[PDB]
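Trainee:
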Amino acid sequence: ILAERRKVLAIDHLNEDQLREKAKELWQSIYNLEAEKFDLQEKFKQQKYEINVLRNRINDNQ
Amino acid sequence: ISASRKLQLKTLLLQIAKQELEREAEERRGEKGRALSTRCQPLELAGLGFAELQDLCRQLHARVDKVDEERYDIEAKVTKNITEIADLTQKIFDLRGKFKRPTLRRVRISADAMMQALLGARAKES
Amino acid sequence: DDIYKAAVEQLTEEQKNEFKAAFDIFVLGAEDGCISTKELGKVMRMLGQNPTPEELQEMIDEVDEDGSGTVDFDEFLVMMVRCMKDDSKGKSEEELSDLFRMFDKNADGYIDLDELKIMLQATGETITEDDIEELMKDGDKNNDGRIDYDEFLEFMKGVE
Amino acid sequence: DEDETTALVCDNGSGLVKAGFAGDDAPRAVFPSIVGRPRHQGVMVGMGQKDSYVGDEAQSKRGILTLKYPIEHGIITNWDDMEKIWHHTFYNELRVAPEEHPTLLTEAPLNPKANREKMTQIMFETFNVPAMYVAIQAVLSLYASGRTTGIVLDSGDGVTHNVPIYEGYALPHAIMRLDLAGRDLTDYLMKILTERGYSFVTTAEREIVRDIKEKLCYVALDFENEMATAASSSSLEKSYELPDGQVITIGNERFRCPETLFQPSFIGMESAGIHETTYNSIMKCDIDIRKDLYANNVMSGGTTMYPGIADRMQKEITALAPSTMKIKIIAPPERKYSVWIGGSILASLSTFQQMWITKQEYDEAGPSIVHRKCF
Amino acid sequence: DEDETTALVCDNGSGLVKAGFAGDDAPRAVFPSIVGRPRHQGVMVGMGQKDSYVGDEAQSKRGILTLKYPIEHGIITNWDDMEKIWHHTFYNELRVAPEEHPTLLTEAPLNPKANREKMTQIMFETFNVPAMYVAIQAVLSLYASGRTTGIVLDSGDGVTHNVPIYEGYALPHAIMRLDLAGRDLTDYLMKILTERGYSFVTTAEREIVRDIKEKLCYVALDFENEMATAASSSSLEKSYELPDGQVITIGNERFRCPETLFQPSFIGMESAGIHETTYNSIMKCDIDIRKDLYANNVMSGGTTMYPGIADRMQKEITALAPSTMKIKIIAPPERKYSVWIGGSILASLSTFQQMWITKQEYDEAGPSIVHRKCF
Amino acid sequence: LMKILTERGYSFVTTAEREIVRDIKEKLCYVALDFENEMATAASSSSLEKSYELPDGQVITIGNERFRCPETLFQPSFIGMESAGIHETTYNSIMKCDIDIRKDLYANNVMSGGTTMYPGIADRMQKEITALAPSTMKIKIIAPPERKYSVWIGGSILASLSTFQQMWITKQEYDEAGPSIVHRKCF
């Protein structure tokens, strides 16, 4: 699954400028991956927070 | 405390909590887009020769792979915490619940057409 | 009952005079002229529905602003603004968690009286520590001195 | 007449059908499980008069009708009369069209399979209901009572089911279904009243004896002591008004009839009674189950309203149960109707919206599908 | 939650798992080594109810569960269930993340190799623990007891290991290992109580018998005299309350079960018994070792809490031992809770920081590293 | 069987009814060596149903229920019992014996008592044990016609053996010792 993000690579037949292109779309996919990661971080701080919430409830309401 | 007093109190409380979750989130998101543009930096392609730009495509996919790994770890943790969210969520929806499912009381039916067809020409109330 | 009396406030009062005339009608079948439990049965068959001595008496309780054991005229306004299912968004684990993130400003899990006073002062509307503390209690059924999220649900149950 | 596209609920026994919508705490109306037909020669022309009467119509014109009940001992055999009762129930009094609403029906788990198959077929083929679900009366009773665990004695008109449920699970090896119900208590009373000089044999008379039982009878906490005085003095007698101005006065028969619940031999049945069934449903379960079932005996349905029954049952089971252990009975005021309420609760739960047979799955499989989809 | 990356200590046996952190005096929580699963069909919907239960959850909901132990005779045969037990141990009750703490696990010296290898793999792969160590039960008992020399007789639920240690070194040729344990005594008690009219054949029944054993059973100092009286008079019977209110009394069976430790033939085992194997562990060591092992018989593990066991073990070996010499037993109130205690001590020693396997060496070698680095 | 026949529309709840079901079981039921394929067909076709005449002249037909009942011996969960069933219990008794015993017991599983008269039971048991048993080894079942009557037949044999004439409690030893004597003289 990392490998469907460790996609196979093609650089040689890519002309210098075609290299610029594929590297650019790769960096776009990178930016998307950073977006995913950061939204997972925000969702995840919300997760950790509201699970602290959860256990607070667990204790106060066992 | 007055009636509409407490009304506006509670509704503005909940809307404020909404919009402020959204404000922490928009600052979170500024943080996001900035850090994305940094750790996934606006690119630099040219100058590197054919072989060099080949290495460049290869390493930009390698960075695909790194952020792959990063977001993958984060989403695995997010999956575990979604799991735990739902787990303690129902656990407590029992703890403070087992009935936190409210009811639909029999007095709570629609009476509009009732008032109307009953009052006829004077169809006023509901 | 401040929600029904706020509706009274937030709505027009000529509907309330209308319900006064309807309550004058609610002397019919009323050995009391008012709407008691039995009189709520007869007023509702005069109104179209028919709640139960528990439902009638509980609407009484649900209109017992004063605790008058009846549905008074003011309590009948409460009734007319009280006999349906409308309070929306059902803010719960998901939505009151979205909220509790700020209710519990702490990013921890407890709306203490400071969290609650801060959230209220953020509401923009007028804020009293009577407000903050009554809402603390509405929370503090577990009585943590600080509204837990379960306290938050005993507090903001359905309220929107 | 109704303001929501909710599920419909109909609890169809050998006595009466309780019907209304999911989300309420009461049926909109109760329709007796009866289709009536005239048993006399007509003489007047142009004065109306129906060929058949359904539900409340059958009782209203009963003076000259023979009244038949489509359901026997918990199951439907006269499917045609059931469809007519339902058409009336849904369209004239509940004011609904099942085509636009999913429907929940009930049965006892130890009833014959044909019941759930025919009820499912009628709603899908004559009413075009979008979905169906046949429920367990014990489940519905536990939802209504606020429990996940207990022994449910549902007091039917046909049969009594007697099932232990623990933590939401069935414990089927311990179900003690008993062939004793309200219609047998009624038959016993017709015979005991014959001993007193009042013969009740025709439909109108049979309906009266049922009504007598409902208003005058009780079980008593202590049968022998109650009979010692009931059999000795007029001070324990009660008079019932027959609908012609005459009265019938009933003494120890007032409790000897309901006593059949504790003594089924009164109607020729081989059984030690409803407290034996309750006890064995607990006893046949594992010892780490038994403690929760002893503390949660659940009364549901009719007969649970008899004076002395909740106290008598708790006494009768604690007498068979081991010492130290706490034996307890749950018997809410939502008597004779709590199972309907349970129907309403289940039909409207979010946890139940995946339990429905849809009018796709039904059309592809046919009515045998109910056996795979409901329970 | 700790102010140091203290090792976590988890004494995972075939009975209960005792867990807490290194440097403390006691485990934070104890858990049955159990994963439970329902043996019934669910009837009510929206009841929660898990597919599987872990530890104390499995025991608390046992009324309808079949309960399995992933560890048999000291070895994990089911590591998927141990992942669940450890998840529960660490995240639900100790509420710690092993990812930030070294973890110490325990086993007998001749425990088949798969046990320590799978324990190492689970902690490094599912918990991603920074370090691991699998420790010897006898070593852990010796630290807890304040000794470097003695016989560790560890008669717990799984196996009796019985290994002589001198100056902190194994004397492996003298390990008088025996396939006789507390679990066999439990099985024997279920059978002997069945003979008294109280059958114990299901999971719920097995957990009850284990509880009966722990509170009512003993070995005594003199079996034949104890039975001469127990078999002749009710004065030596002791009662026990079962969860459903039943009361069971046990007479000579109260000690005849436990006696199997000294007389293994009672359950069909071919063995000299734990006291002869204790004696031989001393005898099979060199003559200049024997004197120190005779003076230091170290009692640990389960079954050590039977009345008469410490007194009896010293009597039985001193009776086989030569005259003039003094033979002594060490049996502190820390008996059986010595393996966990030793884990806390060992994990915390500065010299033990050279024994821990890190999540570095692990990746190059894989879980087989445990056989190169632990013992 | 009383409960599953109730599902079919023939309730059996009284003493007379219990005796009828026992008679039905004894004459109509079988276990089948392969119950899964047998029920796939028996539950689908009336061609595998057998008619039984009830005492009053009424007729009950039984299909997959015919074997479903005996199957409980291999599927004890059908009656709420926490058990592996008779084939695994037999296997475990073999397993629990010493390794030089196990082979002789695998080769000598002996049927006695009742229910061992069901068609397919000798094959059902031998195949289930064989499936649980190790390879190379031959697993075998002995199923004599002295089935169900075998305990009585053994009593005749044992009572008559010369090596068993010293095993009898006399009506002297009995009175001197009382009934607890059975624990010293019989086994």
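Protein chains in written order, with PDB author numbering: chain a, 211 to 272; chain b, 41 to 166; chain c, 2 to 161; chain G, 1 to 375; chain I, 1 to 375; chain H, 189 to 375.
Even for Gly, the Cβ is constructed at its ideal location relative to N, Cα and C.
Does any residue of chain c have a CB that is nearer than 8 Å to the CB of a:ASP270?
Mentor: So yes, a:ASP270 belongs to the interface.
Trainee: Please report how far the alpha carbon of G:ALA230 lies from the alpha carbon of G:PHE223, in whole angstroms.
Mentor: If you take the alpha carbons of G:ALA230 and G:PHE223, they lie about 10 Å apart.
Trainee: When the Cα of b:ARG45 is compared with those of c:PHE153, c:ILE128, c:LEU154 and c:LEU41, which residue comes out closest?
Mentor: The shortest C-alpha separation from b:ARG45 is found at c:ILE128.
Trainee: Under 8 Å between the Cβ atoms of a:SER239 and b:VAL104?
Mentor: Yes, Cβ-Cβ distance for a:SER239 and b:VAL104 is below 8 Å.
Trainee: If we ignore side chains and look at the alpha-carbon of each, how far apart do G:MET132 and I:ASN12 end up?
Mentor: For G:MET132 and I:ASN12, the distance between alpha carbons rounds to 50 Å.
Trainee: Closer than 8 Å is the cut-off here; do at least three beta carbon pairs connect the stretch 245-253 of chain I with the stretch 108-124 of chain I?
Mentor: No contact exists between the stretch 245-253 of chain I and the stretch 108-124 of chain I.
Trainee: Nearest chain b C-beta to c:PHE104 closer than 8 Å, yes or no?
Mentor: Yes, its Cβ sits closer than 8 Å to a Cβ of chain b.
Trainee: Taking only three categories from DSSP, how would you classify I:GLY343?
Mentor: Helix.
Trainee: Which chain G residues sit within Cβ distance under 8 Å of I:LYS61?
Mentor: Near I:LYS61 (Cβ distances below 8 Å), the residues of chain G are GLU167.
Trainee: Thinking C-alpha only, which one of H:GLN246, H:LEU221 and H:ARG290 is nearest H:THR304?
Mentor: Cα-wise, what sits closest to H:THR304 is H:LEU221.
Trainee: Is it true that the stretch 232-250 of chain I meets the stretch 316-331 of chain G, where meeting means three or more beta-carbon pairs spaced less than 8 Å apart?
Mentor: The answer is yes - the stretch 316-331 of chain G touches the stretch 232-250 of chain I, with three or more Cβ pairs under 8 Å.
Trainee: Excluding sequence positions up to five away, which residues of its chain have a Cβ less than 7 Å from the Cβ of H:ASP311?
Mentor: Same-chain partners within the cutoff: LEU221.
Trainee: Just to confirm, are G:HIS161 and G:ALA138 a CB contact at a threshold of 8 Å?
Mentor: Yes, the pair counts as a contact, with Cβ atoms nearer than the cut-off.
Trainee: Taking I:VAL17 and I:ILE85 to be in contact with their CB atoms under 8 Å, please state how far apart those CB atoms are, rounded to whole angstroms.
Mentor: So it is a contact: roughly 6 Å between Cβ atoms.
Trainee: For a cutoff of 8 Å on Cβ pairs, would you count H:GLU207 as touching chain A?
Mentor: Absent from the structure: chain A. Protein chains present are a, b, c, G, I and H.
Trainee: Taking the runs of the alpha helix (DSSP H) that are 4 residues or longer, which of them lie wholly in the stretch 35-63 of chain I?
Mentor: Runs found: 56-60.
Trainee: Could you name the residues of the same chain whose beta carbon sits closer than 6 Å to that of G:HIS73, not counting the 5 residues immediately before and after it, in chain order?
Mentor: Correct list, in chain order: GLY158 and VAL159.
Trainee: Curious, which full-length alpha helix (DSSP H) runs of at least 4 residues does the stretch 214-246 of chain H contain?
Mentor: Complete alpha helix (DSSP H) runs here, min 4: 223-230.
Trainee: Going along the stretch 123-146 of chain G in order, which residues come within less than 9 Å of chain I, judged by CB to CB distance?
Mentor: Flagged, chain order: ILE136, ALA138, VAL139, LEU142 and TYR143.
Trainee: In terms of alpha-carbon separation, which member of G:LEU153, G:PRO130, G:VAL129 and G:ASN128 lies closest to G:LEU140?
Mentor: Of G:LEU153, G:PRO130, G:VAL129 and G:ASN128, the residue nearest in Cα terms is G:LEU153.
Trainee: Is the shortest distance between the beta-carbon of H:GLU259 and the beta-carbons of chain I less than 8 Å?
Mentor: False, the Cβ-Cβ gap to chain I never drops below 8 Å.
Trainee: Does c:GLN58 pass the burial test, meaning 16 or more other C-beta atoms within 10 Å, or should it be called exposed?
Mentor: Flag for c:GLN58 reads buried.
Trainee: Exposed or buried, c:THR71, counting other C-beta atoms within 10 Å across all chains shown (16 or more means buried)?
Mentor: It counts as buried.
Trainee: Closest Cβ-Cβ distance between c:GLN11 and chain b: below 8 Å?
Mentor: Yes, contact with chain b.
Trainee: Comparing alpha-carbon positions, which option in a:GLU252, a:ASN262 and a:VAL263 lies nearest b:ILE114?
Mentor: b:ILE114 has its Cα closest to that of a:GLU252, out of a:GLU252, a:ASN262 and a:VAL263.
Trainee: If we count the other Cβ atoms within 10 Å of its Cβ and call it buried at 16 or more, is H:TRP356 buried or exposed?
Mentor: H:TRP356 should be labelled exposed.
Trainee: Taking Cβ-Cβ distances below 8 Å as the criterion, which residues of the stretch 330-356 of chain H are in contact with chain G?
Mentor: Listed by position, the residues of the stretch 330-356 of chain H near chain G (Cβ gap below 8 Å) amount to none.
Trainee: Which residues in chain b sit within 9 Å of G:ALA26, going by Cβ to Cβ distance?
Mentor: Chain b residues near G:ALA26: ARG146.
Trainee: For c:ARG147, report the span of its alpha helix (DSSP H) as first-last.
Mentor: Careful: c:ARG147 lies outside any alpha helix (DSSP H), inside the beta strand (DSSP E) at 147-149.
Trainee: Mind checking which residues open and close the beta strand (DSSP E) that includes G:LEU189?
Mentor: Per DSSP, G:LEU189 belongs to no beta strand (DSSP E); it is in the alpha helix (DSSP H), 182-195.
Trainee: Whose C-beta lies closer than 8 Å to the C-beta of G:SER350 among residues of the same chain, with five residues either side of it excluded?
Mentor: Excluding residues within five positions, none has a Cβ falling inside 8 Å.
Trainee: CA-CA distance, G:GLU99 and G:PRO130?
Mentor: Distance between the alpha carbons of G:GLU99 and G:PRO130: 6 Å.
Trainee: Report yes if the C-beta distance between c:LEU121 and b:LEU61 is below 8 Å; otherwise report no.
Mentor: No, they are not a contact pair.
Trainee: Please classify c:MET157 as buried or exposed, where buried requires at least 16 neighbouring CB atoms within 10 angstroms.
Mentor: Burial call: buried.
Trainee: Between G:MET227 and G:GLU259, what straight-line distance do the alpha-carbon atoms span, to the nearest angstrom?
Mentor: Distance between the alpha carbons of G:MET227 and G:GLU259: 11 Å.
Trainee: Among G:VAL43, G:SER14 and G:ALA97, which residue has its Cα nearest to the Cα of G:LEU67?
Mentor: Comparing Cα-Cα distances from G:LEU67 to each of G:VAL43, G:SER14 and G:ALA97, the minimum goes to G:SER14.
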